[PDB]
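Participant: What follows is a single structure, and I will ask about it in a moment.
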Amino acid sequence: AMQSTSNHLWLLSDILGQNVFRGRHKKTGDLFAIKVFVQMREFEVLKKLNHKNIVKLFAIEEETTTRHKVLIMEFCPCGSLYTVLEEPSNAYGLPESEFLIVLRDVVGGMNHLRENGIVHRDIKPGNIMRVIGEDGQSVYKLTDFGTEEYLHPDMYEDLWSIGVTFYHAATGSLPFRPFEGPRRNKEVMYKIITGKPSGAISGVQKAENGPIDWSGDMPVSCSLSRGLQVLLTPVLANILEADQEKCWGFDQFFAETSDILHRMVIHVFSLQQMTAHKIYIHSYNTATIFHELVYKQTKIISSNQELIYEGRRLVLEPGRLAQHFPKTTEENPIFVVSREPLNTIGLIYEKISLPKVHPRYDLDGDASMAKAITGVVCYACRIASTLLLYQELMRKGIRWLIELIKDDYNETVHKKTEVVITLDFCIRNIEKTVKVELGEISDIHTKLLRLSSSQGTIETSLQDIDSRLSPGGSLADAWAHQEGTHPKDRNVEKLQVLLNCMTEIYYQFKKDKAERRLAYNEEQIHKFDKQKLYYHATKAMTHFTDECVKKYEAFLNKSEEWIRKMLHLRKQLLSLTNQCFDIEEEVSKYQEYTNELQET
Ligand SMILES: CC(C)c1ccc2oc3nc(N)c(C(=O)Nc4nnn[nH]4)cc3c(=O)c2c1
């Protein structure tokens with residue numbers, strides 16, 4: 001039993017959205033999204049609507065048995081944005097690149113709809129479908145053109161649900177949540193929106209009939225980079241208040257969003273702070289503004305920013321455009337160091353624990369619980385891989401920094417030889433004439449011998465530093481390989497195994513919730529795997545805090561000491577080379593003084 005048309009057919013079991021059925025064409029076999037329910041104009045005008053971010057309405061037919069108006073639309077095997085947000089890997093926010101894709105498609109689609117003049121208003125993650133492009137990345141489209149959670153305070157009685165959708169995608173949770181959720185606390189919801197704190201974007205009621213925790217910045221669990229949060233906070237803040245006097249409008253919205261989308265990414269890893277950062281800078285900006293953003297994200301003075309890339313010093317000309325910078329990834333960034341002592345902070349993340357498991361056999365409660373806990377383990381896996389990444393970037397940055405310091409030492413050796421050759425060829429060229437009026441030479445020797453003495457002290461204090469830049473010389477990078485975690489331990493994948501187990505159990509509970517009840521056998525399987533879920537999560541957190549976190553903190557403290565040692569050595573070597581330059585010119589005051597007398 002199924003429904004058919006002149007060109008398409010569909011089964012009622014393959015139901016998509018509740019109606020829209022997953023159908024096929026009678027002559028080609030290609031799958032289509034079949035929609036089964038003045039019109040003949042407003043639909044044919046929707047036929048011509050062609051865009052990358054718009055679900056192409058293919059045709060309009062009439063069903064066989066009921067003669068209903070059936071819409072032949074494009075099929076999207078992946079689902080909607082809401083389906084993507086239901087996965088545990090996005091329970092605390094989408095990945096950064098995926099978020100940029102969502103923003104680009106949403107803006108690029110709504111701009112086309114405004115060029116054609118179609119207001120959507122009800123724009124939720126359920127109205128944004130996701131397909132797979134020919135390149136592999138996702139492509140999001142609009143289709144159905146409000147919802148109880150995405151309504152405007154005045155409509156609750158256009159740029160609002162867009163902001164709520166962007167916050168939901170960036171943080172994994174809704175911006176305005178009462179205690180018992182937007183259900184019986186619905187009035188609180190209204191009181192939360194009419195509280196319009198202007199700039200703030202978040203308000204969480206963490207107690208029944210309690211207060212509302214307001215916030216203007218994104219939560220710590222947000223997986224976006226700090227720079228992307230800096231550029232994203234005002235865009236949401238200015239489109240989330242009931243005042244039409246203080247609303248941006250689509251012109252300012254599209255302008256600022258287009259400003260964000262046109263910025264290339266520069267990966268910069270603060271080594272002395274052990275903190276990774278992404279600088280969003282246009283391709284036409286100069287390196288001065290780049291140092292400005294690096295300062296605004298790391299508090300490092302622009303003139304003190306010394307950059308390292310691929311094992312070499314990197315000098316950025318203040319006028320060099322950003323698009324001509326070397327291409328950098330998350331695993332091959334541009335290390336920034338400074339001569340000023342910097343505090344060793346490390347990674348900042350939200351420390352979440354395991355929510356307790358309930359014994360009540362509840363097909364809905366076990367589903368929501370499994371979703372929450374699996375999202376927690378996903379966050380623990382993300383932070384685990386991020387800590388491993390910070391440790392490896394730390395090892396590469398240190399192993400490069402020691403070689404850079406040794407290069408500076410080698411240049412100091414060059415200048416030292418330049419001073420020694422002149423010192424000898426000027427202290428003995430005078431003794432050539434002495435062995436043939438006495439104060440003019442005695443003073444010279446009493447100064448040149450001082451020069452050779454202090455120069456010798458520089459030699460000893462230099463060979464001491466070369467002894468410090470040797471293996472095991474109270475400055476070797478050997479402890480970094482023998483402290484924190486490594487990809488050899490395979491901790492990220494060790495957590496990802498239990499993550500796949502808990503994800504399979506979660507999906508099976510998602511299938512068990514659709515069924516209103518289970519048989520006895522399937523019930524006992526549901527309970528057994530419900531306990532195995534708790535065992536998997538407990539083992540995962542045990543392996544996370546008692547192996548990844550401890551090693552990371554040991555490596556971090558050790559790094560905090562080695563940073564002090566390295567800064568000390570850098571100041572010493574700088575002082576020594578400076579004591580090699582000012583005496584390089586002090587021997588220039590004597591090489592031309594008496595060695596060249598005046599006589600016809
Ligand atoms: C249940 C999930 C796995 C899934 C898989 C494929 C899907 O494939 C779709 N392909 C479309 N073209 C539209 C659509 O155009 N509009 C629409 N339906 N419901 N809400 N919006 C919707 C869907 C789905 O739901 C869907 C879900």
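Going by the structure tokens order, chains are called A, B, ..., each with residues numbered from 1, while ligands are numbered from 1 in the order shown.
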So which residues of range 258-310 of chain A fall under helix (DSSP H, G or I) by DSSP, listed as a PyMOL selection string?

Facilitator: chain A and resi 258-261+287-298+302-304

Participant: Pull N, CA and C atoms from the residues just selected and write them as a PDB file, in the first residue's frame.

Facilitator:
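Writing done, so here's again36.pdb:
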```
ATOM      1  N   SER A 258      28.874  39.576   5.749  1.00  0.00           N
ATOM      2  CA  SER A 258      29.782  39.521   4.609  1.00  0.00           C
ATOM      3  C   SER A 258      31.188  39.955   5.001  1.00  0.00           C
ATOM      4  N   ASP A 259      31.309  40.867   5.969  1.00  0.00           N
ATOM      5  CA  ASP A 259      32.628  41.234   6.473  1.00  0.00           C
ATOM      6  C   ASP A 259      33.298  40.056   7.168  1.00  0.00           C
ATOM      7  N   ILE A 260      32.528  39.274   7.928  1.00  0.00           N
ATOM      8  CA  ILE A 260      33.101  38.119   8.612  1.00  0.00           C
ATOM      9  C   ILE A 260      33.484  37.035   7.612  1.00  0.00           C
ATOM     10  N   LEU A 261      32.651  36.821   6.590  1.00  0.00           N
ATOM     11  CA  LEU A 261      32.894  35.741   5.641  1.00  0.00           C
ATOM     12  C   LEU A 261      34.080  36.012   4.724  1.00  0.00           C
ATOM     13  N   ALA A 287      50.072  43.678   7.811  1.00  0.00           N
ATOM     14  CA  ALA A 287      50.527  42.910   8.964  1.00  0.00           C
ATOM     15  C   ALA A 287      50.423  43.695  10.265  1.00  0.00           C
ATOM     16  N   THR A 288      50.332  45.024  10.192  1.00  0.00           N
ATOM     17  CA  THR A 288      50.171  45.823  11.402  1.00  0.00           C
ATOM     18  C   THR A 288      48.846  45.512  12.088  1.00  0.00           C
ATOM     19  N   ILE A 289      47.755  45.492  11.317  1.00  0.00           N
ATOM     20  CA  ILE A 289      46.457  45.119  11.873  1.00  0.00           C
ATOM     21  C   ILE A 289      46.478  43.674  12.347  1.00  0.00           C
ATOM     22  N   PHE A 290      47.279  42.825  11.699  1.00  0.00           N
ATOM     23  CA  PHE A 290      47.445  41.452  12.162  1.00  0.00           C
ATOM     24  C   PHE A 290      48.036  41.418  13.567  1.00  0.00           C
ATOM     25  N   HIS A 291      49.138  42.144  13.778  1.00  0.00           N
ATOM     26  CA  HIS A 291      49.702  42.251  15.120  1.00  0.00           C
ATOM     27  C   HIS A 291      48.712  42.879  16.092  1.00  0.00           C
ATOM     28  N   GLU A 292      47.853  43.777  15.603  1.00  0.00           N
ATOM     29  CA  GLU A 292      46.836  44.377  16.462  1.00  0.00           C
ATOM     30  C   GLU A 292      45.850  43.325  16.957  1.00  0.00           C
ATOM     31  N   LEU A 293      45.376  42.463  16.054  1.00  0.00           N
ATOM     32  CA  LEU A 293      44.444  41.413  16.456  1.00  0.00           C
ATOM     33  C   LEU A 293      45.118  40.395  17.367  1.00  0.00           C
ATOM     34  N   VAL A 294      46.365  40.025  17.056  1.00  0.00           N
ATOM     35  CA  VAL A 294      47.106  39.113  17.922  1.00  0.00           C
ATOM     36  C   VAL A 294      47.265  39.714  19.313  1.00  0.00           C
ATOM     37  N   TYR A 295      47.419  41.038  19.393  1.00  0.00           N
ATOM     38  CA  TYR A 295      47.456  41.693  20.697  1.00  0.00           C
ATOM     39  C   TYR A 295      46.098  41.632  21.384  1.00  0.00           C
ATOM     40  N   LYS A 296      45.020  41.903  20.644  1.00  0.00           N
ATOM     41  CA  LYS A 296      43.687  41.883  21.235  1.00  0.00           C
ATOM     42  C   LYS A 296      43.277  40.489  21.687  1.00  0.00           C
ATOM     43  N   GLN A 297      43.939  39.445  21.188  1.00  0.00           N
ATOM     44  CA  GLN A 297      43.622  38.084  21.600  1.00  0.00           C
ATOM     45  C   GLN A 297      44.629  37.495  22.581  1.00  0.00           C
ATOM     46  N   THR A 298      45.840  38.056  22.668  1.00  0.00           N
ATOM     47  CA  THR A 298      46.883  37.508  23.529  1.00  0.00           C
ATOM     48  C   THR A 298      47.545  38.523  24.451  1.00  0.00           C
ATOM     49  N   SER A 302      52.701  44.553  20.233  1.00  0.00           N
ATOM     50  CA  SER A 302      52.961  44.320  18.815  1.00  0.00           C
ATOM     51  C   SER A 302      54.453  44.348  18.504  1.00  0.00           C
ATOM     52  N   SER A 303      55.178  45.320  19.064  1.00  0.00           N
ATOM     53  CA  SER A 303      56.614  45.405  18.819  1.00  0.00           C
ATOM     54  C   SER A 303      57.376  44.237  19.429  1.00  0.00           C
ATOM     55  N   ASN A 304      56.827  43.601  20.460  1.00  0.00           N
ATOM     56  CA  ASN A 304      57.465  42.465  21.111  1.00  0.00           C
ATOM     57  C   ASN A 304      57.063  41.128  20.503  1.00  0.00           C
TER      58      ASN A 304
END
```

Participant: Compile the contact shell of residue 428 in chain A as a PDB file with N, CA, C and O atoms, in the first residue's frame: residues with an atom at most 12 Å away, counting only C-alpha atoms, same-chain residues fewer than 6 positions apart removed.

Facilitator:
```
ATOM      1  N   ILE A 421      89.831  39.012  15.752  1.00  0.00           N
ATOM      2  CA  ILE A 421      90.829  39.245  14.709  1.00  0.00           C
ATOM      3  C   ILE A 421      91.327  40.685  14.762  1.00  0.00           C
ATOM      4  O   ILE A 421      92.536  40.949  14.702  1.00  0.00           O
ATOM      5  N   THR A 422      90.401  41.638  14.889  1.00  0.00           N
ATOM      6  CA  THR A 422      90.791  43.040  15.002  1.00  0.00           C
ATOM      7  C   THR A 422      91.580  43.290  16.282  1.00  0.00           C
ATOM      8  O   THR A 422      92.562  44.040  16.279  1.00  0.00           O
ATOM      9  N   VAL A 434     106.305  49.448  19.205  1.00  0.00           N
ATOM     10  CA  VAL A 434     106.863  49.631  20.542  1.00  0.00           C
ATOM     11  C   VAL A 434     108.282  49.077  20.612  1.00  0.00           C
ATOM     12  O   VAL A 434     109.154  49.648  21.278  1.00  0.00           O
ATOM     13  N   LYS A 435     108.542  47.974  19.912  1.00  0.00           N
ATOM     14  CA  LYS A 435     109.846  47.320  19.964  1.00  0.00           C
ATOM     15  C   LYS A 435     110.861  47.999  19.051  1.00  0.00           C
ATOM     16  O   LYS A 435     111.802  47.352  18.578  1.00  0.00           O
ATOM     17  N   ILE A 444      97.146  53.006  25.885  1.00  0.00           N
ATOM     18  CA  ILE A 444      96.556  52.143  24.866  1.00  0.00           C
ATOM     19  C   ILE A 444      96.597  50.687  25.308  1.00  0.00           C
ATOM     20  O   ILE A 444      95.614  49.954  25.165  1.00  0.00           O
ATOM     21  N   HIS A 445      97.736  50.241  25.841  1.00  0.00           N
ATOM     22  CA  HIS A 445      97.822  48.849  26.271  1.00  0.00           C
ATOM     23  C   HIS A 445      96.975  48.598  27.514  1.00  0.00           C
ATOM     24  O   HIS A 445      96.352  47.536  27.641  1.00  0.00           O
ATOM     25  N   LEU A 448      93.540  48.159  25.887  1.00  0.00           N
ATOM     26  CA  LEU A 448      93.388  46.979  25.043  1.00  0.00           C
ATOM     27  C   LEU A 448      93.403  45.700  25.871  1.00  0.00           C
ATOM     28  O   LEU A 448      92.682  44.746  25.557  1.00  0.00           O
ATOM     29  N   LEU A 449      94.223  45.655  26.925  1.00  0.00           N
ATOM     30  CA  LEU A 449      94.218  44.480  27.790  1.00  0.00           C
ATOM     31  C   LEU A 449      92.904  44.357  28.552  1.00  0.00           C
ATOM     32  O   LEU A 449      92.437  43.239  28.802  1.00  0.00           O
ATOM     33  N   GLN A 591      91.496  51.631  16.516  1.00  0.00           N
ATOM     34  CA  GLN A 591      92.143  51.078  15.331  1.00  0.00           C
ATOM     35  C   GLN A 591      92.609  52.174  14.380  1.00  0.00           C
ATOM     36  O   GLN A 591      93.561  51.967  13.619  1.00  0.00           O
ATOM     37  N   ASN A 595      97.326  54.037  15.479  1.00  0.00           N
ATOM     38  CA  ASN A 595      97.878  53.262  14.374  1.00  0.00           C
ATOM     39  C   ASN A 595      98.126  54.117  13.138  1.00  0.00           C
ATOM     40  O   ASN A 595      98.913  53.724  12.269  1.00  0.00           O
TER      41      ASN A 595
END
```

Participant: Within 6 Å of ligand 1, which residues of chain A come that close, and what is the closest atom pair and distance in Å for each? Count only C-alpha atoms and all ligand atoms and give it as CSV.

Facilitator:
```
residue,atom,partner,partner_atom_place_in_ligand_line,distance
A:16,CA,ligand 1,25 (O),4.3
A:17,CA,ligand 1,19 (N),3.4
A:20,CA,ligand 1,18 (N),5.5
A:33,CA,ligand 1,12 (N),4.7
A:74,CA,ligand 1,12 (N),4.8
A:75,CA,ligand 1,12 (N),3.5
A:76,CA,ligand 1,10 (N),3.6
A:77,CA,ligand 1,6 (C),3.8
A:78,CA,ligand 1,6 (C),5.0
A:79,CA,ligand 1,26 (C),4.0
A:127,CA,ligand 1,21 (N),5.9
A:143,CA,ligand 1,15 (O),5.6
```

Participant: Tell me which of A:493, A:411, A:560, A:596 sits closest to residue 581 in chain A, counting only C-alpha atoms.

Facilitator: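 Of all the options, A:411 lies closest to residue 581 in chain A.
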
Participant: Using only C-alpha atoms, pick whichever of A:91, A:1, A:9, A:514 has the shortest atom-to-atom distance to residue 64 in chain A.

Facilitator: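 Among the listed residues, A:9 lies closest to residue 64 in chain A.
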
Participant: Wanna dump the range 336-423 of chain A-range 305-322 of chain A contacts at 7 Å for me, each residue with its shortest atom pair and the distance in Å to one decimal, counting only C-alpha atoms, ordered by chain and number, as CSV?

Facilitator:
```
residue,atom,partner,partner_atom,distance
A:336,CA,A:307,CA,4.7
A:337,CA,A:306,CA,5.2
A:338,CA,A:305,CA,5.4
A:400,CA,A:311,CA,5.1
A:404,CA,A:312,CA,6.9
```

Participant: Taking 5 positions as the minimum chain separation for residues in the same chain, which residues sit within 9 Å of residue 329 in chain A when counting only C-alpha atoms? Answer as a VMD selection string.

Facilitator: chain A and resid 265 to 267

Participant: With the cut-off set at 9 Å and counting only C-alpha atoms, tabulate each residue of range 471-520 of chain A with an atom at most that distance from an atom of range 361-384 of chain A, showing the nearest atom pair and its distance in Å to one decimal, ordered by chain and increasing number, as a tab-separated table.

Facilitator:
```
residue	atom	partner	partner_atom	distance
A:491	CA	A:384	CA	7.8
A:492	CA	A:384	CA	6.2
A:493	CA	A:381	CA	8.7
A:495	CA	A:381	CA	6.3
A:496	CA	A:381	CA	7.0
A:498	CA	A:377	CA	8.9
A:499	CA	A:377	CA	6.8
A:502	CA	A:374	CA	6.3
A:503	CA	A:374	CA	6.6
A:505	CA	A:370	CA	8.0
A:506	CA	A:370	CA	5.4
A:507	CA	A:367	CA	8.6
A:509	CA	A:367	CA	5.6
A:510	CA	A:367	CA	5.9
A:512	CA	A:363	CA	6.5
A:513	CA	A:363	CA	4.8
A:514	CA	A:363	CA	8.4
A:515	CA	A:363	CA	8.5
A:516	CA	A:363	CA	7.8
A:517	CA	A:363	CA	7.9
```

Participant: Give me the residues near range 565-569 of chain A as a VMD selection string, where near means some atom within 12 Å (using only C-alpha atoms) and where sequence neighbours in that chain fewer than 6 positions away do not count.

Facilitator: chain A and resid 271 to 272 337 to 342 398 401 to 402 404 to 406 408 to 409 461 to 462 464 to 469 473 to 477 558 to 559 575 to 576

Participant: Rank A:52, A:157, A:203, A:350 by their smallest atom-to-atom distance to residue 129 in chain A, using only C-alpha atoms, and report the top residue only.

Facilitator: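 The answer is A:52, which sits nearest to residue 129 in chain A.
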
Participant: Excluding residue 345 in chain A and its own-chain neighbours fewer than 3 positions away, which residues fall within 8 Å of it when counting only C-alpha atoms? Please give them as number ranges by chain.

Facilitator: A: 273-275

Participant: Tell me which protein, DNA and RNA residues are within 12 Å of residue 207 in chain A, counting only C-alpha atoms, leaving out same-chain ones fewer than 2 positions away, and put them as a PDB file with N, CA, C and O atoms, in the first residue's frame.

Facilitator:
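Just written: around_23.pdb:
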```pdb
ATOM      1  N   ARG A 177      16.603  29.708  27.975  1.00  0.00           N
ATOM      2  CA  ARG A 177      16.037  28.472  28.500  1.00  0.00           C
ATOM      3  C   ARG A 177      15.554  28.693  29.926  1.00  0.00           C
ATOM      4  O   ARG A 177      16.358  29.076  30.792  1.00  0.00           O
ATOM      5  N   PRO A 178      14.270  28.477  30.224  1.00  0.00           N
ATOM      6  CA  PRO A 178      13.832  28.476  31.627  1.00  0.00           C
ATOM      7  C   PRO A 178      14.315  27.235  32.363  1.00  0.00           C
ATOM      8  O   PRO A 178      15.229  26.549  31.896  1.00  0.00           O
ATOM      9  N   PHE A 179      13.708  26.927  33.509  1.00  0.00           N
ATOM     10  CA  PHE A 179      14.130  25.751  34.271  1.00  0.00           C
ATOM     11  C   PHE A 179      13.579  24.467  33.653  1.00  0.00           C
ATOM     12  O   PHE A 179      14.334  23.643  33.130  1.00  0.00           O
ATOM     13  N   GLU A 180      12.259  24.288  33.705  1.00  0.00           N
ATOM     14  CA  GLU A 180      11.634  23.075  33.190  1.00  0.00           C
ATOM     15  C   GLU A 180      11.411  23.155  31.685  1.00  0.00           C
ATOM     16  O   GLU A 180      10.483  22.536  31.156  1.00  0.00           O
ATOM     17  N   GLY A 181      12.253  23.915  30.988  1.00  0.00           N
ATOM     18  CA  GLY A 181      12.157  24.043  29.555  1.00  0.00           C
ATOM     19  C   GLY A 181      10.968  24.877  29.123  1.00  0.00           C
ATOM     20  O   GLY A 181      10.023  25.103  29.887  1.00  0.00           O
ATOM     21  N   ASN A 185       6.879  26.424  31.983  1.00  0.00           N
ATOM     22  CA  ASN A 185       7.555  27.688  32.245  1.00  0.00           C
ATOM     23  C   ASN A 185       7.482  28.651  31.063  1.00  0.00           C
ATOM     24  O   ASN A 185       8.305  29.572  30.979  1.00  0.00           O
ATOM     25  N   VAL A 188       7.602  32.286  31.797  1.00  0.00           N
ATOM     26  CA  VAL A 188       8.969  32.705  32.098  1.00  0.00           C
ATOM     27  C   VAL A 188       9.706  33.038  30.811  1.00  0.00           C
ATOM     28  O   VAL A 188      10.384  34.069  30.714  1.00  0.00           O
ATOM     29  N   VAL A 204      19.888  31.953  31.480  1.00  0.00           N
ATOM     30  CA  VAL A 204      19.625  30.582  31.905  1.00  0.00           C
ATOM     31  C   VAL A 204      19.028  30.608  33.305  1.00  0.00           C
ATOM     32  O   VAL A 204      19.646  31.132  34.240  1.00  0.00           O
ATOM     33  N   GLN A 205      17.836  30.033  33.450  1.00  0.00           N
ATOM     34  CA  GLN A 205      17.181  29.892  34.748  1.00  0.00           C
ATOM     35  C   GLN A 205      17.570  28.536  35.322  1.00  0.00           C
ATOM     36  O   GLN A 205      16.973  27.510  34.985  1.00  0.00           O
ATOM     37  N   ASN A 209      11.573  28.662  39.117  1.00  0.00           N
ATOM     38  CA  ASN A 209      11.078  29.979  39.523  1.00  0.00           C
ATOM     39  C   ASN A 209      12.176  30.824  40.159  1.00  0.00           C
ATOM     40  O   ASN A 209      11.912  31.652  41.035  1.00  0.00           O
ATOM     41  N   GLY A 210      13.417  30.625  39.722  1.00  0.00           N
ATOM     42  CA  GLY A 210      14.539  31.361  40.250  1.00  0.00           C
ATOM     43  C   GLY A 210      14.922  32.534  39.371  1.00  0.00           C
ATOM     44  O   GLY A 210      14.117  33.039  38.582  1.00  0.00           O
ATOM     45  N   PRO A 211      16.167  32.992  39.494  1.00  0.00           N
ATOM     46  CA  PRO A 211      16.621  34.126  38.680  1.00  0.00           C
ATOM     47  C   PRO A 211      16.971  33.709  37.261  1.00  0.00           C
ATOM     48  O   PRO A 211      16.770  32.553  36.876  1.00  0.00           O
ATOM     49  N   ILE A 212      17.499  34.645  36.478  1.00  0.00           N
ATOM     50  CA  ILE A 212      17.899  34.396  35.098  1.00  0.00           C
ATOM     51  C   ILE A 212      19.341  34.860  34.953  1.00  0.00           C
ATOM     52  O   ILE A 212      19.621  36.063  35.032  1.00  0.00           O
ATOM     53  N   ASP A 213      20.255  33.915  34.744  1.00  0.00           N
ATOM     54  CA  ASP A 213      21.668  34.231  34.560  1.00  0.00           C
ATOM     55  C   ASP A 213      21.869  34.804  33.163  1.00  0.00           C
ATOM     56  O   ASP A 213      21.746  34.085  32.166  1.00  0.00           O
TER      57      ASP A 213
END
```

Participant: Near residue 554 in chain A, within 12 Å and counting only C-alpha atoms, which residues show up once chain neighbours fewer than 4 positions away are dropped, as a PDB file with N, CA, C and O atoms, in the first residue's frame?

Facilitator:
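Printed below is selection-v7.pdb as written:
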```pdb
ATOM      1  N   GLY A 346      47.467  27.932  29.677  1.00  0.00           N
ATOM      2  CA  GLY A 346      47.011  26.662  29.158  1.00  0.00           C
ATOM      3  C   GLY A 346      45.656  26.768  28.490  1.00  0.00           C
ATOM      4  O   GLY A 346      45.209  27.840  28.075  1.00  0.00           O
ATOM      5  N   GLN A 391      49.918  19.863  23.324  1.00  0.00           N
ATOM      6  CA  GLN A 391      51.191  19.289  23.745  1.00  0.00           C
ATOM      7  C   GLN A 391      52.129  19.088  22.560  1.00  0.00           C
ATOM      8  O   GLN A 391      53.328  19.377  22.655  1.00  0.00           O
ATOM      9  N   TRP A 479      62.507  16.578  28.380  1.00  0.00           N
ATOM     10  CA  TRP A 479      61.390  16.296  29.276  1.00  0.00           C
ATOM     11  C   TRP A 479      60.049  16.427  28.567  1.00  0.00           C
ATOM     12  O   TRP A 479      59.079  15.761  28.949  1.00  0.00           O
ATOM     13  N   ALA A 480      59.969  17.282  27.544  1.00  0.00           N
ATOM     14  CA  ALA A 480      58.712  17.462  26.824  1.00  0.00           C
ATOM     15  C   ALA A 480      58.271  16.176  26.145  1.00  0.00           C
ATOM     16  O   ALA A 480      57.069  15.902  26.053  1.00  0.00           O
ATOM     17  N   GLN A 482      58.879  13.319  27.435  1.00  0.00           N
ATOM     18  CA  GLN A 482      58.778  12.330  28.502  1.00  0.00           C
ATOM     19  C   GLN A 482      57.891  12.814  29.644  1.00  0.00           C
ATOM     20  O   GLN A 482      58.118  12.456  30.802  1.00  0.00           O
ATOM     21  N   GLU A 483      56.873  13.621  29.346  1.00  0.00           N
ATOM     22  CA  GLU A 483      56.015  14.132  30.409  1.00  0.00           C
ATOM     23  C   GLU A 483      54.538  13.944  30.087  1.00  0.00           C
ATOM     24  O   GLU A 483      53.879  13.069  30.660  1.00  0.00           O
ATOM     25  N   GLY A 484      54.006  14.759  29.179  1.00  0.00           N
ATOM     26  CA  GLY A 484      52.595  14.706  28.848  1.00  0.00           C
ATOM     27  C   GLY A 484      52.203  13.501  28.019  1.00  0.00           C
ATOM     28  O   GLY A 484      52.933  12.507  27.968  1.00  0.00           O
ATOM     29  N   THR A 485      51.048  13.574  27.366  1.00  0.00           N
ATOM     30  CA  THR A 485      50.574  12.492  26.518  1.00  0.00           C
ATOM     31  C   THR A 485      51.163  12.611  25.115  1.00  0.00           C
ATOM     32  O   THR A 485      51.692  13.652  24.719  1.00  0.00           O
ATOM     33  N   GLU A 547      44.476  10.253  33.384  1.00  0.00           N
ATOM     34  CA  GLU A 547      45.551   9.978  32.438  1.00  0.00           C
ATOM     35  C   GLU A 547      45.830  11.187  31.554  1.00  0.00           C
ATOM     36  O   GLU A 547      46.969  11.660  31.483  1.00  0.00           O
ATOM     37  N   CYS A 548      44.800  11.694  30.876  1.00  0.00           N
ATOM     38  CA  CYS A 548      44.991  12.842  29.997  1.00  0.00           C
ATOM     39  C   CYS A 548      45.200  14.120  30.802  1.00  0.00           C
ATOM     40  O   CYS A 548      46.135  14.889  30.539  1.00  0.00           O
ATOM     41  N   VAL A 549      44.343  14.356  31.797  1.00  0.00           N
ATOM     42  CA  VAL A 549      44.378  15.615  32.536  1.00  0.00           C
ATOM     43  C   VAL A 549      45.637  15.702  33.391  1.00  0.00           C
ATOM     44  O   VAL A 549      46.306  16.741  33.433  1.00  0.00           O
ATOM     45  N   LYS A 550      45.980  14.614  34.086  1.00  0.00           N
ATOM     46  CA  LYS A 550      47.150  14.634  34.959  1.00  0.00           C
ATOM     47  C   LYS A 550      48.430  14.855  34.160  1.00  0.00           C
ATOM     48  O   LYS A 550      49.254  15.712  34.508  1.00  0.00           O
ATOM     49  N   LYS A 558      55.709  21.871  34.134  1.00  0.00           N
ATOM     50  CA  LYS A 558      57.074  21.777  33.624  1.00  0.00           C
ATOM     51  C   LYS A 558      57.341  22.841  32.568  1.00  0.00           C
ATOM     52  O   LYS A 558      58.407  23.473  32.561  1.00  0.00           O
ATOM     53  N   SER A 559      56.375  23.062  31.673  1.00  0.00           N
ATOM     54  CA  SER A 559      56.513  24.124  30.683  1.00  0.00           C
ATOM     55  C   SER A 559      56.598  25.490  31.351  1.00  0.00           C
ATOM     56  O   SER A 559      57.344  26.364  30.896  1.00  0.00           O
ATOM     57  N   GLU A 560      55.847  25.689  32.436  1.00  0.00           N
ATOM     58  CA  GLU A 560      55.879  26.976  33.122  1.00  0.00           C
ATOM     59  C   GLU A 560      57.253  27.257  33.714  1.00  0.00           C
ATOM     60  O   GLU A 560      57.690  28.414  33.741  1.00  0.00           O
ATOM     61  N   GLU A 561      57.957  26.223  34.181  1.00  0.00           N
ATOM     62  CA  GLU A 561      59.313  26.445  34.678  1.00  0.00           C
ATOM     63  C   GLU A 561      60.305  26.645  33.532  1.00  0.00           C
ATOM     64  O   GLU A 561      61.135  27.571  33.559  1.00  0.00           O
TER      65      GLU A 561
END
```

Participant: Please identify the strand (DSSP E) residues within range 169-346 of chain A (assignment by DSSP from backbone atoms) and present them as a VMD selection string.

Facilitator: chain A and resid 176 to 177 202 to 204 213 to 215 263 to 270 275 to 282 306 to 309 312 to 314 334 to 337

Participant: Report, in Å with one decimal, the straight-line distance from CA of residue 481 in chain A to CA of residue 497 in chain A.

Facilitator: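 Separation of CA of residue 481 in chain A and CA of residue 497 in chain A: 25.6 Å.
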
Participant: Could you tell me how far CA of residue 414 in chain A sits from CA of residue 593 in chain A, in Å to one decimal place?

Facilitator: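 Answer for the CA of residue 593 in chain A to CA of residue 414 in chain A separation: 24.9 Å.
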
Participant: How far is it from CA of residue 84 in chain A to CA of residue 125 in chain A, in Å with one decimal?

Facilitator: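 Straight-line distance from CA of residue 84 in chain A to CA of residue 125 in chain A works out to 8.7 Å.
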
Participant: Select, from A:582, A:436, A:142, A:407, the residue with the minimum atom-to-atom distance to residue 119 in chain A, counting only C-alpha atoms.

Facilitator: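 Of all the options, A:142 lies closest to residue 119 in chain A.
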
Participant: Which residue, A:580, A:410, A:522, A:138, has the smallest gap to residue 97 in chain A when you use only C-alpha atoms?

Facilitator: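 Of A:580, A:410, A:522, A:138, the one nearest residue 97 in chain A is A:138, counting only C-alpha atoms.
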